[PDB]
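The block underneath contains the structure these notes are about, expressed in structure tokens.
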Amino acid sequence: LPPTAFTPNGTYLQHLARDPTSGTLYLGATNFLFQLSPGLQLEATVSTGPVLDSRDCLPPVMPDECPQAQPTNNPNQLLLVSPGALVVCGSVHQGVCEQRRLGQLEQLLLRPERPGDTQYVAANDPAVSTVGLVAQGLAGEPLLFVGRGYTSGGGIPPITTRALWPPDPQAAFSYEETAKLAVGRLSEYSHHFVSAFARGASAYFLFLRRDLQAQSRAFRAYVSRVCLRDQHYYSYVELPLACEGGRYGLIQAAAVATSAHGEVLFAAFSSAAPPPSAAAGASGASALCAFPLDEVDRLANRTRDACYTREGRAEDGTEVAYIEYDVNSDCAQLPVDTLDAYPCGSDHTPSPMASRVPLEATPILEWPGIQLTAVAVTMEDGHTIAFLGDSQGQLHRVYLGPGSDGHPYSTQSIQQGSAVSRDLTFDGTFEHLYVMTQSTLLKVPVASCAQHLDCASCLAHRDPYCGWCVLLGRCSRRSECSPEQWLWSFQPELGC
Ligand SMILES: *[C@@H]1O[C@H](CO)[C@@H](O[C@@H]2O[C@H](CO)[C@@H](O[C@@H]3O[C@H](CO)[C@@H](O)[C@H](O)[C@@H]3O)[C@H](O)[C@H]2NC(C)=O)[C@H](O)[C@H]1NC(C)=O
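Following this line, the structure appears as structure tokens:
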């Protein structure tokens, strides 16, 4: 009865967003927006282009003012579900956004009639990623954190906090001039955003940028952190990521443990090719690293502490923190009380801070001929399981528990030769995983224990999800065994 696949014709897919509330999926495609049921049933379709456009011109694109306007396709740049609306940002018209009714994709709520430079949100070029994070203000108001990667005018701050629904709704998607990360030489740093996410009272960003502190000026992986309430980016701090000592320098994808939202960040990294492309085919390798978010916070906190009170030196020895992006600021010898008084900083504290000391992780998975593009991690019966996507449109399933090499328990083709989107998202019950490539979307079950009819078959075909439920006479997940005697396939040791 329900579709098992979604293959839209005459388009390529960019983004996927799941509505936690209703289960509804939204799809960002070239000149199209789709609304699907949790069962992949097509519910609504909206056209987004082509449009008369030019990156040199400002919206509304007027032919008399922009004679070089030519029909342009509109790949989806950003697609996020907020309590009130569906947030939609395209590659076209300077990365302007809109708000659509959730469940009624056709219904437009807000699309500013005559927008200004302060409302150009997303990267106005496909080929360049944009990241987003829907959060709340102190009053519960909806905020959108944006990671706009550098586009060759696009002199827009790399990270911003824009209001989704302010007093004047015509002023939506604008940041308060203060709520941004001012970087003076964006062309030189060349940001490449991967993911944006939250934990506690903080928004975090995963990205590549050139490490201009190094004579090499080579691209490096970084984790970034700002307080959710901080409207001046005072609390902003950067940490270099290492996996393992930069052998796999380029971060590709990351996800946190979900079954709800863990405390560990799982990040797929690929080794670099001679813009920051990962070495392709058998010449390049990938690795999966785990960075517990407390370790992230410990280091950011000690980067802040050093920079605030002990001139970024930090006893005993020394030179652990500094001011990044060439900003005319320096680390300080401020009172100790500053740490407690100003956790998210102030007008007097040094900003933007960054660590000299990187956050180091050793891989748990090291795949020599594979180029990882997507990460999704879940937890079944306390055991950590990872669903990883690659450049060839494969989906590998990896048990990541005690004493296991990064080897996959299964590998399947989603779409030969088409990279799996970073947008790997489970369903409400964690029974399925939505797996998207550039031309298809599949509702992939997390297990098929059911397929094995006897105990012999159930244990012979090792899946961490599966075991033999004795009292039920069925091959199942532990949760389905009712807690009774359940013969786990990864730990058989008799007696059937
Ligand atoms: C990084 O530094 C920040 C402070 O700048 C640390 O935040 C403080 O962490 C403590 C530890 O839990 C928080 O205390 C607890 O708050 C909970 C919330 O209700 C309460 O139930 C506990 O009984 C306890 O009071 C404190 O509120 C928090 N303050 C702020 C401003 O966040 C953070 O924990 C440090 N992280 C690491 C990894 O070191």
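First residue of the sequence shown: 56, per this note's numbering; consecutive thereafter. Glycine residues also receive a C-beta, built at the ideal position from the N, C-alpha and C atoms.
Problem - Element boundaries [beta strand (DSSP E), containing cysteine 121] - result: Counting from 1 along the sequence shown, the entry for residue 121 is found at position 66. Counting along the chain, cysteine 121 falls outside any beta strand (DSSP E), and DSSP gives it neither H nor E.
Exercise for the section: Spell out a yes or no on whether the region 267 to 276 and the region 391 to 399 are touching, meaning 3 or more CB-CB pairs, one atom from each, closer than 8 Å. Expected result: no
Practice task
At 3 residues or longer, and completely inside the region 161 to 204: list those beta strand (DSSP E) runs for me, N to C.
Solution key: 185 to 191 and 197 to 203
Practice task
Starting from the Cα of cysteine 298, find the closest Cα among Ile306, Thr428 and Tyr175 and give me that residue.
Solution key: As a working mapping, residue 298 is identified with position 243 in the sequence shown. Among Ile306, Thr428 and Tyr175, the Cα nearest to that of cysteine 298 belongs to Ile306.
Problem - 7 Å Cβ cutoff met for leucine 296 and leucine 198 - result: The residue given as residue 296 occupies position 241 in the sequence shown. The residue given as residue 198 occupies position 143 in the sequence shown. Cβ distance not < 7 Å, so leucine 296 and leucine 198 don't count as in contact.
Exercise for the section: Excluding the 5 residues preceding and the 5 following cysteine 524 in the sequence, name in chain order all residues of the same chain whose CB lies nearer than 6 Å to its CB. Expected result: Within the sequence shown, numbered from 1, the residue matching residue 524 stands at position 469. Counting only Cβ-Cβ distances below 6 Å, and skipping sequence neighbours, we find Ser531, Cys536 and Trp541.
Exercise for the section: Mind checking which residues open and close the beta strand (DSSP E) that includes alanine 441? Expected result: For the purposes of this step, residue 441 is identified with residue 386 of the sequence shown, where counting begins at 1. Here the beta strand (DSSP E) through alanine 441 covers 438 to 445.
Practice task
Could you tell me how far apart the beta carbons of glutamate 153 and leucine 163 are, in whole angstroms, since I believe they sit closer than 8 Å?
Solution key: Here the question's residue 153 lines up with position 98 in the sequence shown. Here the question's residue 163 lines up with position 108 in the sequence shown. About 6 Å separates the two Cβ atoms, so the contact holds.
Handout entry: Which listed residue (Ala505, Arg517, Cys386 and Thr492) has its alpha carbon closest to that of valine 453
Key = The residue labelled residue 453 in the question sits at position 398 within the sequence shown. Ranking the options by Cα distance to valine 453, first place goes to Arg517.
Problem - Span of the beta strand (DSSP E) around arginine 532 - result: Counting from 1 along the sequence shown, the entry for residue 532 is found at position 477. Premise fails: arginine 532 is in no beta strand (DSSP E) and is neither H nor E.
Handout entry: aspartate 352: CB within 6 Å of a non-hydrogen atom of ligand 2
Key = No copy of ligand 2 occurs in the structure displayed; its ligands are ligand 1 alone.
Handout entry: Cβ contact (3+ pairs, closer than 8 Å) linking the region 313 to 322 and the region 377 to 392
Key = no
Practice task
State the DSSP-derived secondary structure class of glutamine 159, mapped to helix, strand or coil.
Solution key: The residue you call residue 159 lines up with position 104 of the sequence shown. In the structure shown, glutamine 159 sits in a strand (DSSP, three-state: E or B).
Exercise for the section: With a floor of 4 residues, list each alpha helix (DSSP H) that falls wholly inside the region 475 to 518, ordered by position along the chain. Expected result: 510 to 515
Exercise for the section: Check whether the Cβ of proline 398 lies closer than 6 Å to any heavy atom of ligand 1, and answer yes or no. Expected result: Residue 398 sits at position 343 when you count from the first residue of the sequence shown. At least one heavy atom of ligand 1 is nearer than 6 Å to the Cβ of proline 398, so yes.
Problem - Contact belief for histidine 148 with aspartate 108 at Cβ below 8 Å, rounded distance in angstroms - result: In the sequence shown, the residue the question calls residue 148 occupies position 93. In the sequence shown, the residue the question calls residue 108 occupies position 53. Contact holds; Cβ gap of about 6 Å.
Handout entry: Cβ distance (whole Å) where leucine 479 is taken to contact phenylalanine 442 below 8 Å
Key = Against the sequence shown, residue 479 aligns to sequence position 424. Against the sequence shown, residue 442 aligns to sequence position 387. About 6 Å; that satisfies the 8 Å criterion.
Exercise for the section: Kindly indicate which three-state DSSP category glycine 336 falls into: helix, strand or coil? Expected result: In the sequence shown, counting from the first residue as 1, residue 336 sits at position 281. Helix at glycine 336.
Practice task
From the DSSP output, in three-state form, read off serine 410 for me.
Solution key: Indexing the sequence shown from 1 puts residue 410 at position 355. DSSP places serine 410 in strand when its eight states are reduced to three.
Practice task
Kindly confirm or deny that the region 401 to 421 and the region 285 to 295 touch, where touching means at least three C-beta pairs closer than 8 Å.
Solution key: yes
Practice task
Mind reading off the beta-carbon distance from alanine 253 to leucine 188? Whole number of angstroms is fine, and I expect it under 8 Å.
Solution key: One-based indexing of the sequence shown puts residue 253 at position 198. One-based indexing of the sequence shown puts residue 188 at position 133. With a Cβ gap of about 6 Å, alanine 253 and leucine 188 count as contacting.
Exercise for the section: Note down, in chain order, each residue of its chain lying with its Cβ closer than 7 Å to the Cβ of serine 473, except the 5 sequence neighbours on either side. Expected result: By one-based count along the sequence shown, residue 473 stands at place 418. Excluding residues within five positions, the ones whose Cβ falls inside 7 Å are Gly448, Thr492, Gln493 and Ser494.
Problem - beta-carbon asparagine 179 near ligand 1 non-hydrogen atom, thresh 6 Å - result: Position 124 of the sequence shown holds residue 179. No - ligand 1 has no heavy atom lying nearer than 6 Å to the Cβ of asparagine 179.
Problem - N-terminal and C-terminal residue of the alpha helix (DSSP H) that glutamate 299 is part of - result: Residue mapping note: residue 299 aligns to position 244 of the sequence shown, counting from 1. Neither: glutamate 299 is in no alpha helix (DSSP H) and is coded neither H nor E.
Problem - Residue from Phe346, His487, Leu283 and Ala234 with nearest C-alpha to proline 93 - result: Locating residue 93 in the sequence shown gives position 38, counting from the first residue. It is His487.
Practice task
Could you name the residues of the same chain whose beta carbon sits closer than 7 Å to that of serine 384, not counting the 5 residues immediately before and after it, in chain order?
Solution key: Position 329 of the sequence shown holds residue 384. The answer, listed in chain order, is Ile378, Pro405 and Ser406.
Exercise for the section: Starting from the C-beta of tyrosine 464, find all residues in its chain whose C-beta is less than 8 Å away, skip the five residues before and the five after it, and write them out in chain order. Expected result: Here residue 464 is taken as the residue at index 409 of the sequence shown, counted from 1. These residues qualify, in order along the chain: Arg452, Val453, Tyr454, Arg517, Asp518 and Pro519.
Exercise for the section: With a threshold of 6 Å, establish whether the CB of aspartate 360 neighbours any heavy atom of ligand 1. Expected result: For the purposes of this step, residue 360 is taken as residue 305 along the sequence shown, with counting starting at 1. No; taking the cut-off as 6 Å, the Cβ of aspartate 360 has no heavy atom of ligand 1 nearer than that.
Practice task
May I ask which residues mark the beginning and end of the beta strand (DSSP E) holding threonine 433?
Solution key: Locating residue 433 in the sequence shown gives position 378, counting from the first residue. First-last of the beta strand (DSSP E) with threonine 433: 427 to 435.
Practice task
Taking the CB atoms as reference points, tell me whether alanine 178 and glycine 204 lie closer together than 7 Å.
Solution key: In the sequence shown, the residue the question calls residue 178 occupies position 123. In the sequence shown, the residue the question calls residue 204 occupies position 149. Taking 7 Å as the Cβ cut-off, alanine 178 and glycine 204 qualify as a contacting pair.
Handout entry: Three-state class that DSSP yields for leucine 394 in the structure shown
Key = Walking along the sequence shown from the start, residue 394 turns up at place 339. Reduced to three states, the DSSP call for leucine 394 is helix.
Exercise for the section: Assign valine 351 to one of three DSSP states: helix, strand, or coil. Expected result: Mapped onto the sequence shown, residue 351 falls at position 296. Looking at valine 351 - three-state DSSP - the assignment turns out to be helix.
Practice task
Run the proximity test for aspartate 349: is its beta-carbon closer than 6 Å to any non-hydrogen atom belonging to ligand 1?
Solution key: For this step, residue 349 is matched to residue 294 along the sequence shown. Flag set: Cβ of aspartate 349 near ligand 1.
Practice task
Taking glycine 461 and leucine 420 to be in contact with their CB atoms under 8 Å, please state how far apart those CB atoms are, rounded to whole angstroms.
Solution key: Looking up residue 461 in the sequence shown gives position 406. Looking up residue 420 in the sequence shown gives position 365. With a Cβ gap of about 3 Å, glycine 461 and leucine 420 count as contacting.
Practice task
Identify, in the order they occur along the chain, each residue of the same chain with its Cβ nearer than 6 Å to the Cβ of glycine 83, setting aside the five sequence neighbours on each side.
Solution key: By one-based count along the sequence shown, residue 83 stands at place 28. Around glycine 83: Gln69, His70, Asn131 and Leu134.
Practice task
Rank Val143, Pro181, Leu157 and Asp180 by C-alpha distance to the C-alpha of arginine 166 and give the top, closest one.
Solution key: Against the sequence shown, residue 166 aligns to sequence position 111. For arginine 166, the nearest C-alpha among the options comes from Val143.
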